[PDB]
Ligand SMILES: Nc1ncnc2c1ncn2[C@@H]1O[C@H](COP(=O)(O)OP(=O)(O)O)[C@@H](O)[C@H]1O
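Coming up is one lone chain in structure tokens, specifically the form deposited without the named molecule.
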């Protein structure tokens, strides 16, 4: 049907070969936010399209922040002179316990964030254990000299406690409290000293202050699920903090392979993403969710958050879909049989573009000069 805003960026071509041009910062009528949902099976063209969209928004002055488990955004980041953070290497160490603003006591809020972090990493923790874990975090902070009034802004990266201190506190308290701190301590040990210590046991090494930032969490794709999720959450909470502290307009936050964040037993992580999708409007930024495995967002435990997360954004790009994903999407977004079929037989980079209540056939393609990236 054609979509052409005043100005904006070129997305691609419509069915009649005419230019689709979108201003994602528009407000008015059915343009209520600047968020995107990009969904498709692997190989469909998600990362290509997102690269185009991101490059063109960057060139118009948007800061870009990406969480990238695929290592799809490294080369772009290099071409643009942005900061590439390797989160599995020592230089990309992000300390979960370093207090940061979530989407009032900074410490109390951060402890609310840490409950989700540790529920993701340590699944199936008794309620006593959760209470005691929070007590332990409070005491470890207190020993590091940080209390309920302390402003995070002032504290140097190395003054924060780490999971090492938390582990040792729990072990010490497990002497006179073996029953409520025992298995807890043994579970923290893997992160403090064991095979996951390289992730979090040490001070934050990154000062990511740049208009193009990529958080590469690729070296985790063979890691266990709870590690994947806990680190994805930790990085997402850090990146959100970046957008909130130094708060220029039109910052685009990209969560690639967002399904990795979904956990039926800790739906709060996805709820955190949802909250991000709402609060980001307050800084005139954009949350872009990119993903396969759409059904993971629609499972009973998380659907309250997953549905809004996928469906509330003003802009959507649906490429070729997996069979289940296609049915769940067809239902969720009330696709017509024409639209459904469109998806069924869509070539790479082709599909449905949604802008508010407008939905049209689109084909995305790159200028030659955009190939370098």
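Positions refer to the first chain, counted from 1.
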Review point. Can you say how many deposited residues have no coordinates in the span between residue 103 and residue 104, choosing none, 1 to 3, 4 to 9, or 10 or more?
Key: 10 or more
Check your understanding: Averaged over C-alpha atoms, is the B-factor higher for 39-47 or for 60-68 in this PDB entry?
Key -> 39-47
Point to revise | Of 301-309 and 51-59, the stretch whose C-alpha atoms average the higher B-factor in the entry | key: 301-309
**Study point:** Residue with highest C-alpha B-factor in the PDB entry, from 147, 157, 113, 293
**Key:** 147
Check your understanding: What's the residue among 229, 248, 164, 218 with the greatest CA temperature factor in the PDB record?
Key -> 248
Review point. If you rank every modelled residue in this chain by C-alpha B factor, which third holds residue 237: lowest, middle or highest?
Key: lowest
Check your understanding: If you rank the chain by CA B-factor, which third does residue 81 end up in: lowest, middle or highest?
Key -> lowest
Check your understanding: Thinking about Cα B factors across the chain, which third does residue 326 belong to?
Key -> middle
Exercise for review: Tell me, lowest, middle or highest third: where does the Cα B factor of residue 356 rank within its chain?
Suggested key: lowest
**Study point:** Third of chain Cα B-factors occupied by residue 272
**Key:** middle
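Below, we refer to the form deposited with the named molecule bound, which is not included among the displayed structures.
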Study note, to complete from the structure: Heavy atom within 4.5 Å of the named molecule in the deposited complex, from candidates 168, 72, 196, 244, belongs to 72
Revision key, fill the gap. Picking from 364, 352, 20, 355, the single residue whose non-hydrogen atoms come within 4.5 angstroms of the named molecule in the deposited complex is 364
Study note, to complete from the structure: Among 322-330, 47-55, 26-34, 301-309, the stretch whose residues bring a heavy atom within 4.5 Å of the named molecule in the deposited complex is 47-55
Point to revise | Partner proximity in the deposited complex: residue 340 to the named molecule, non-hydrogen atom cutoff 4.5 Å | key: no
